[PDB]
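As a plain string of letters, each chain reads:
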Amino acid sequence: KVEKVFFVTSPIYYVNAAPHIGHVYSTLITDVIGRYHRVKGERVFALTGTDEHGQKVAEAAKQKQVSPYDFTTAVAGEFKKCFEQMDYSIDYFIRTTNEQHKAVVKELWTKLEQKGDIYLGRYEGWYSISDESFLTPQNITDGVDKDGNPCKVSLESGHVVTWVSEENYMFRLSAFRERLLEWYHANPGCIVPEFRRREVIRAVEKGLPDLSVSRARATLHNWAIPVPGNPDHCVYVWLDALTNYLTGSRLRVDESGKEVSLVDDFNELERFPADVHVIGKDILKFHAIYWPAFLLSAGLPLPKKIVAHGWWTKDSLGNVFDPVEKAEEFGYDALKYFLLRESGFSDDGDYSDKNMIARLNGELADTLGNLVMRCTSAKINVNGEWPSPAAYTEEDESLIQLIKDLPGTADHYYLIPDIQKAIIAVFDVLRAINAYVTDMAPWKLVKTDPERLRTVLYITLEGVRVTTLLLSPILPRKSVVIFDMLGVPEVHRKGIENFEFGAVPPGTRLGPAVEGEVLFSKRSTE
Ligand code: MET
């Protein structure tokens, strides 16, 4: 197609409470996608951040008896600390309190208004403050609040809903039904997974109401962006929030990660529109309906892909999963592996300690770690080098073919994107490499047929190198330890050139050994 910066985003999270696993998972997926495109040698801009305005946040700050400025700044700081500890490679962390962001929101608003797509009207209806979401009466039901009093709750989330009757600026969303439908039909990969795409089409097929994009300022505790030309109104937190993707695309960022300039025209930085928006299923409508509608109105290009995973962007009754405690217990790369291996586009995942140990011991230690140790062992690799292969048998070639096919396959999965499938494909090949090794018994060959061992060892090292390269966006620190052990030069650790079989030449020396070297140490079953 065209050469631009591959632009991948995560949602920006409400700062009403501390960061937790949902946020870490969403930002993980964004990080992995970005990392894979970097190892393909593409330019990448990965974006994450915090949603800091609105009633929900203001009221959370009121509950803690602190000013919104101090509260948002403190919780935003917790998010940054958390993501730093998680060892992501995110290019920029945006906050909607940022002054440049507010300028962008005002430019976008003025466009919608000049286009004729904003009018003064009224919203009279249900609203979820916890989700900052307007709801029809079909999407609420009966429940209770903390006081046990009967109340209405959202069908979507189970949060308490309230009736709102306000003069509001309205966006003409109803006018964009046909164009949104055209967009879904013409780009059948634009929403992932496919069943969520089908949900969006059905919802839009039914018809769209107009959307309130302002609120009376008192309702918001004056914690929002004023509407241009009307200081009695505040911009809807979601229109403000979605705009973070446009803002991010227009920020020049220095080496320490501070924003230093806002460009006038997004084309200047070549990021917009996003190639992938990573979201949780709870915020699908905002990204797949509202967002493209605003862009169509403003005449901005639309995103290429929205991927909605099965977790809730935001969710205690005596049940905890602390990301850092787990990572300090089992390792950071292992935890990341586990989260991405275990969960597809569903809540069907088993996140017990029992299952974590099984995958750690089974896949990372027994399948991958053991293979790395065998092909670098002094016992088997007596000369500590990549040997030069002799002639290949049919069995050799069957394995070589699997290895040559693997890049093209994982690449497709990464681009869906479906990271779980990309992992399963790589491990299928690791399993095949192990079976080959068992078959050939290279420990026996050292004594018996040194020439045969050359071939078997070479194919093993090259299968390990390639699988590891493809696993490196998922296991960034361990992929480095593995490449060091194999003695793979830095240049061969990225680029599509190095997807090819045979990229590291024979005679390459292995890295230095360490006594009792741990790649993935097993954990007892308790
Ligand atoms: C533009 S994405 C906004 C997401 C929302 N703030 C949330 O936390 O769920």
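- Structure determination for this entry, per the PDB record, employed X-ray crystallography and reached 2.450 Å resolution.

Overview of the sheet that holds strand β11 (residues 214-216)
Then comes step 1: Taken in spatial order, the 3 strands of this open sheet run β11-β13-β12, and their pairing is antiparallel. Strands with a single pairing partner mark the edges of an open sheet, and in this sheet they are β11 and β12 (226-227).
Then comes step 2: Note that β12 and strand β13 (residues 230-235) share 2 bridges and pair antiparallel. Bridge pairing links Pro 226 to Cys 234 in β13.

Regarding the site of the ligand
Then comes step 1: The full set close to the ligand counts 14 residues, and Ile 12, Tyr 14, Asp 51, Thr 313 and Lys 314 are the nearest of them.
Then comes step 2: Within the side chain of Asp 51, an N or O atom sits 2.6 Å from a nitrogen atom of the ligand.
Then comes step 3: Between the ligand and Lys 314, the relevant distance is 2.9 Å, taken from an oxygen atom to a side-chain nitrogen or oxygen of the residue.
Then comes step 4: Considered on its own, the ligand offers 310 Å² of accessible surface; in the complex 99% of this is hidden by protein.
Then comes step 5: Of all elements in the fold, only β1 (6-14), α7 (237-242) and α8 (244-248) reach the threshold of two or more residues within the shell around the ligand.
Then comes step 6: Considering every element that reaches the shell around the ligand, the biggest residue donor is β1, with 4 residues.
Then comes step 7: Class assignment of the residues belonging to the shell around the ligand gives a composition of 9 nonpolar, 3 polar and 2 charged.

A few points about the packing of aromatic side chains
Then comes step 1: In this structure the tally under the stated criterion is 27 aromatic pairs.
Then comes step 2: Plain terms: the ring middles of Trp 126 and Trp 163 are 5.4 Å apart, the flat faces sit at 90 degrees to each other, and that makes the pair edge-to-face. Linking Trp 126 in strand β4 (residues 118-128) with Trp 163 in strand β8 (residues 161-171), this pair joins segments that are 37 residues apart in sequence.
Then comes step 3: With relative accessibility at 18%, the residue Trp 126 sits in the buried group.

Parameters at a glance
Residues numbered from 1 in each chain as written, not as in the entry; some residues may be left out. Heavy atoms only, no water. Residues with missing side-chain atoms left out of burial classes, pairs and counts. Pairing = 2+ DSSP bridges. Helix = DSSP H or I, 4+ residues; strand = E, 2+ residues; numbered from the N terminus. Near = heavy atom within 4 Å. Polar contact = N/O pair within 3.5 Å; in protein donor to acceptor, adjacent residues only side chain to side chain. Areas by Shrake-Rupley, 256 points an atom, 1.4 Å probe, with all protein chains shown as cover. Nonpolar A, V, L, I, M, F, W, Y, C, P; charged D, E, K, R; others polar. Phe/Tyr/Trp six-rings, centres within 6.5 Å; stacked < 30°, edge-to-face > 60°. Buried < 20%, exposed > 50% of the residue type's maximum accessible area, 1.4 Å probe, protein only.

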